[PDB]
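Since the structure comes first, as structure tokens, the remarks are kept for the end.
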Amino acid sequence: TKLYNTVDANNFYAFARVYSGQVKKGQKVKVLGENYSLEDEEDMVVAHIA
Amino acid sequence: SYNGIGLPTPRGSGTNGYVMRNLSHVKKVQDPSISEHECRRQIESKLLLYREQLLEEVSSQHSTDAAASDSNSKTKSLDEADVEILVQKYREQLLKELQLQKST
Amino acid sequence: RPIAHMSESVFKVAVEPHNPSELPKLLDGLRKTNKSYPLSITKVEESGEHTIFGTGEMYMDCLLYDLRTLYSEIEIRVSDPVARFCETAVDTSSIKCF
Amino acid sequence: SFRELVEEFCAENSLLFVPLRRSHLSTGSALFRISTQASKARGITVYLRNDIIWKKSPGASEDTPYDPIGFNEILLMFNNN
Amino acid sequence: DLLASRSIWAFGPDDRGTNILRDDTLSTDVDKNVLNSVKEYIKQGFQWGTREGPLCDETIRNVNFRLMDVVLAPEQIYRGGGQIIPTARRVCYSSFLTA
């Protein structure tokens, strides 16, 4: 729900609440946008977790 | 230097700045009645659905009466005779609209 | 579900770079700003100028401070603030429209 | 304008012009989705800039650039399936 | 009233919007399947029209677009959603301006 500035304004930290499962660094996750649905599947973006 | 009035610095001019206020500034129906007719026919349709609800209530009363007779499910009172009395009400409202047009 | 905020933006300010040679950094700056402020609504008009929507004047002040200093260290020309309008109808349609 | 041009062109070819309520992260333009029919697995995502329709390869990241597409390319890819 | 209360199609623009898409097609319409076919993409046209106002490029508030009459004779082949959305947007604009 939030993005936070690093000490230098270069990258953002995503503030997330893990509702289920487990997460490890380097994991492959799929990011869903605000209007991702069965109609709009193009809001998906594959990303790693640094 | 204040509200767009004044010079940036008094140095360089023969003055001291000191801007003053001017002290003399002058501060000074609907044409296509077809819409109403369509609304009238639509409220007639709302009354039609209301009487269909009343007919459904009468059908429930008939089902209860038939169940009581059996003692001595859900059924329908009138499948199609309601359409004839509906056409009668259509004639009635057409007479109403004719009378209203004559009155105007 | 997307967040249901407690207020709308209804406070518009138009910005542009001081010199158009540094237009791309402002665009990246606006992107970063849009990331960091949830009710900020960065929009681009037909004229090419960029508008920003914020909750109030303090909101826009902090937003423009971050835009100038934090994200895109350039200098920008900020227009006077203006409200966000809406249109409505007060009387029934005069004629049928097809 | 060109927007009405593409609108009536999609109207002629019996397609569906759906506005995706999104804006491009880099250019800020509105994104649109054109579907051939109720079959939604095949759908073209396109944005409009300087009177040329811009397309993205399926499965590509956002930072990847947008390649051009034409009316005849759209019809060729929509008539063979 | 009853039929008007049952005829609420959608809110525009999007959910939580302050516009109501209503339809008063006089009933007596055999083409109910046709009407329900064209409704699913007249909804999108109504949302598009009420999101981007004709008076200025802005949202519309506190207005119901009660549909009056729709006429379409041929079969479903000629009913293209993209062919009819601009018509819905334009008629919404024109009705709003006349109001």
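Please note that chains go A, B, ... in the order of the structure tokens, that every chain numbers its residues from 1, and that ligands are numbered from 1 in the order shown.
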I'd like a table as JSON lines: residues in chain B with an atom no more than 12 Å from chain C, each row giving the shortest atom pair and its distance in Å to one decimal, only C-alpha atoms counted, sorted by chain and rising residue number.
```
{"residue": "B:29", "atom": "CA", "partner": "C:94", "partner_atom": "CA", "distance": 7.9}
{"residue": "B:30", "atom": "CA", "partner": "C:94", "partner_atom": "CA", "distance": 5.4}
{"residue": "B:31", "atom": "CA", "partner": "C:94", "partner_atom": "CA", "distance": 6.7}
{"residue": "B:32", "atom": "CA", "partner": "C:95", "partner_atom": "CA", "distance": 6.1}
{"residue": "B:33", "atom": "CA", "partner": "C:95", "partner_atom": "CA", "distance": 9.2}
{"residue": "B:34", "atom": "CA", "partner": "C:96", "partner_atom": "CA", "distance": 8.8}
{"residue": "B:35", "atom": "CA", "partner": "C:96", "partner_atom": "CA", "distance": 7.6}
{"residue": "B:36", "atom": "CA", "partner": "C:96", "partner_atom": "CA", "distance": 11.3}
{"residue": "B:38", "atom": "CA", "partner": "C:96", "partner_atom": "CA", "distance": 11.3}
```
Those same residues, written as an mmCIF file, in the first residue's frame with C-alpha atoms?
```
data_model
loop_
_atom_site.group_PDB
_atom_site.id
_atom_site.type_symbol
_atom_site.label_atom_id
_atom_site.label_comp_id
_atom_site.auth_asym_id
_atom_site.auth_seq_id
_atom_site.Cartn_x
_atom_site.Cartn_y
_atom_site.Cartn_z
ATOM 1 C CA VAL B 29 -41.309 24.706 -20.181
ATOM 2 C CA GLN B 30 -40.519 21.726 -22.417
ATOM 3 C CA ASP B 31 -41.466 21.865 -26.098
ATOM 4 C CA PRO B 32 -41.772 18.169 -27.147
ATOM 5 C CA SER B 33 -44.639 17.119 -24.862
ATOM 6 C CA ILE B 34 -43.991 13.591 -26.189
ATOM 7 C CA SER B 35 -41.687 13.273 -23.164
ATOM 8 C CA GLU B 36 -44.581 13.765 -20.741
ATOM 9 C CA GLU B 38 -43.980 8.739 -22.626
#
```
Do a neighbour search on residue 89 in chain B at 12 Å with only C-alpha atoms, toss out local chain neighbours closer than 4 positions, and write the hits as a ChimeraX atom specification. /B:44-45,47-48,51,82-85,93-96
Can you pull out the residues contacting range 9-23 of chain A? Cut-off 9 Å, using only C-alpha atoms, and skip same-chain residues under 4 positions away; I want them as an MDAnalysis selection string. (chainID A and resid 1:5 27 49) or (chainID C and resid 32 35:36 70:71)
Residue contacts of residue 72 in chain D (12 Å, only C-alpha atoms) excluding same-chain residues fewer than 5 positions away, as a list in words: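 Listed by chain and then number, they are residues 9, 10, 13, 77, 78 and 79 of chain D.
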Prev. selection, C-alpha atoms, output as a CSV table (one decimal), in the first residue's frame:
```
chain,number,residue,atom,x,y,z
D,9,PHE,CA,-12.0,1.9,-38.6
D,10,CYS,CA,-12.6,-0.4,-35.6
D,13,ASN,CA,-14.2,-4.2,-39.0
D,77,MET,CA,-3.2,-10.8,-37.4
D,78,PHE,CA,-7.0,-10.7,-36.6
D,79,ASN,CA,-8.2,-12.5,-39.7
```
Using DSSP assignments from the backbone, pull out every residue in chain E that falls under strand (DSSP E) and give it to me as a list in words. residues 8, 9, 10, 11, 12, 19, 20, 21, 22, 23, 63, 64, 65, 66 and 67 of chain E
Chain D near chain A within 10 Å: what's each residue's closest atom pair and its distance in Å to one decimal, counting only C-alpha atoms, ordered by chain then ascending residue number, as CSV?
```
residue,atom,partner,partner_atom,distance
D:20,CA,A:40,CA,8.0
D:21,CA,A:35,CA,8.2
D:22,CA,A:35,CA,8.6
D:33,CA,A:40,CA,8.8
D:40,CA,A:39,CA,7.4
D:41,CA,A:39,CA,9.2
D:43,CA,A:40,CA,9.8
D:45,CA,A:42,CA,8.3
D:58,CA,A:42,CA,8.4
D:59,CA,A:42,CA,8.3
D:60,CA,A:45,CA,8.7
D:61,CA,A:45,CA,6.9
D:62,CA,A:45,CA,8.2
```
Selection file, N, CA and C atoms, as a compact mmCIF listing (two decimals), in the first residue's frame:
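Writing done, so here's result.txt:
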```txt
# COMPACT_ATOMS: atom_id res chain seq x y z
N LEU D 20 -8.86 0.85 -21.57
CA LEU D 20 -8.25 0.41 -20.32
C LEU D 20 -7.98 1.65 -19.48
N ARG D 21 -8.50 1.68 -18.26
CA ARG D 21 -8.40 2.87 -17.41
C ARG D 21 -7.00 2.99 -16.80
N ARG D 22 -6.01 3.08 -17.68
CA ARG D 22 -4.63 3.21 -17.25
C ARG D 22 -3.93 4.25 -18.11
N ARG D 33 -7.57 -1.26 -25.24
CA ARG D 33 -7.55 -2.68 -25.57
C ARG D 33 -8.61 -2.96 -26.63
N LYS D 40 -11.27 -13.59 -25.45
CA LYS D 40 -10.45 -12.55 -24.85
C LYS D 40 -8.98 -12.94 -24.72
N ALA D 41 -8.63 -14.19 -25.03
CA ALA D 41 -7.23 -14.59 -24.98
C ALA D 41 -6.40 -13.82 -26.00
N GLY D 43 -6.07 -10.26 -27.67
CA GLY D 43 -6.47 -8.87 -27.56
C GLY D 43 -5.26 -7.97 -27.70
N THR D 45 -3.18 -4.52 -27.12
CA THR D 45 -3.03 -3.39 -26.21
C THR D 45 -2.24 -2.31 -26.93
N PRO D 58 3.68 -9.12 -26.41
CA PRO D 58 3.12 -9.78 -25.22
C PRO D 58 4.21 -10.40 -24.36
N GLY D 59 4.08 -10.22 -23.05
CA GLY D 59 5.04 -10.73 -22.10
C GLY D 59 6.27 -9.88 -21.90
N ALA D 60 6.32 -8.69 -22.49
CA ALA D 60 7.46 -7.80 -22.34
C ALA D 60 7.28 -6.87 -21.15
N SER D 61 8.41 -6.47 -20.57
CA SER D 61 8.39 -5.55 -19.44
C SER D 61 8.02 -4.15 -19.92
N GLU D 62 7.56 -3.32 -18.98
CA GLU D 62 7.09 -1.99 -19.35
C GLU D 62 8.21 -1.12 -19.91
```
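CA of residue 37 in chain A sits 19.6 Å away from CA of residue 11 in chain E.
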When the cut-off is 10 Å and we count only C-alpha atoms, which residues of chain E are near chain C, given as a PyMOL selection string? chain E and resi 19+50+53-64+68-70+87-88+90-99
Can you tell me how far CA of residue 12 in chain E sits from CA of residue 47 in chain E, in Å to one decimal? 5.1 Å
Spatial neighbours of residue 3 in chain D, max dist 12 Å, only C-alpha atoms, sep filter under 4 positions, as a ChimeraX atom specification: /D:7-10,17,32,47-53 /E:86
Keeping only N, CA and C atoms, take the residues you just selected and write them out as a PDB file, in the first residue's frame.
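What landed in selection-v3.pdb:
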```
ATOM      1  N   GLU D   7     -11.426   5.014 -34.417  1.00  0.00           N
ATOM      2  CA  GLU D   7     -12.693   4.560 -33.858  1.00  0.00           C
ATOM      3  C   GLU D   7     -13.605   4.014 -34.952  1.00  0.00           C
ATOM      4  N   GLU D   8     -13.758   4.761 -36.049  1.00  0.00           N
ATOM      5  CA  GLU D   8     -14.653   4.298 -37.105  1.00  0.00           C
ATOM      6  C   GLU D   8     -14.028   3.150 -37.885  1.00  0.00           C
ATOM      7  N   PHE D   9     -12.694   3.090 -37.943  1.00  0.00           N
ATOM      8  CA  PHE D   9     -12.047   1.941 -38.570  1.00  0.00           C
ATOM      9  C   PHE D   9     -12.328   0.662 -37.791  1.00  0.00           C
ATOM     10  N   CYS D  10     -12.229   0.718 -36.460  1.00  0.00           N
ATOM     11  CA  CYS D  10     -12.593  -0.437 -35.646  1.00  0.00           C
ATOM     12  C   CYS D  10     -14.079  -0.747 -35.752  1.00  0.00           C
ATOM     13  N   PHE D  17     -13.718  -1.723 -29.176  1.00  0.00           N
ATOM     14  CA  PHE D  17     -12.731  -0.763 -28.695  1.00  0.00           C
ATOM     15  C   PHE D  17     -13.014  -0.501 -27.223  1.00  0.00           C
ATOM     16  N   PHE D  32      -5.467   1.531 -24.405  1.00  0.00           N
ATOM     17  CA  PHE D  32      -6.701   0.979 -24.941  1.00  0.00           C
ATOM     18  C   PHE D  32      -6.498  -0.480 -25.332  1.00  0.00           C
ATOM     19  N   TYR D  47      -1.575   2.188 -27.479  1.00  0.00           N
ATOM     20  CA  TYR D  47      -1.737   3.579 -27.074  1.00  0.00           C
ATOM     21  C   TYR D  47      -1.484   4.464 -28.285  1.00  0.00           C
ATOM     22  N   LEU D  48      -1.980   5.691 -28.231  1.00  0.00           N
ATOM     23  CA  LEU D  48      -1.954   6.575 -29.387  1.00  0.00           C
ATOM     24  C   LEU D  48      -0.992   7.723 -29.117  1.00  0.00           C
ATOM     25  N   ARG D  49      -0.057   7.960 -30.042  1.00  0.00           N
ATOM     26  CA  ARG D  49       0.826   9.110 -29.881  1.00  0.00           C
ATOM     27  C   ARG D  49       1.185   9.672 -31.244  1.00  0.00           C
ATOM     28  N   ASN D  50       1.052  10.995 -31.398  1.00  0.00           N
ATOM     29  CA  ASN D  50       1.371  11.715 -32.630  1.00  0.00           C
ATOM     30  C   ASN D  50       0.815  10.998 -33.857  1.00  0.00           C
ATOM     31  N   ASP D  51      -0.407  10.484 -33.709  1.00  0.00           N
ATOM     32  CA  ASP D  51      -1.203   9.916 -34.793  1.00  0.00           C
ATOM     33  C   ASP D  51      -0.619   8.600 -35.297  1.00  0.00           C
ATOM     34  N   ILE D  52       0.106   7.885 -34.437  1.00  0.00           N
ATOM     35  CA  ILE D  52       0.559   6.531 -34.731  1.00  0.00           C
ATOM     36  C   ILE D  52       0.241   5.643 -33.535  1.00  0.00           C
ATOM     37  N   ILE D  53      -0.335   4.477 -33.819  1.00  0.00           N
ATOM     38  CA  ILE D  53      -0.697   3.519 -32.785  1.00  0.00           C
ATOM     39  C   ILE D  53       0.563   2.782 -32.352  1.00  0.00           C
TER      40      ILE D  53
ATOM     41  N   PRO E  86     -19.307   4.917 -29.692  1.00  0.00           N
ATOM     42  CA  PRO E  86     -19.255   6.365 -29.954  1.00  0.00           C
ATOM     43  C   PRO E  86     -20.628   6.989 -30.061  1.00  0.00           C
TER      44      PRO E  86
END
```
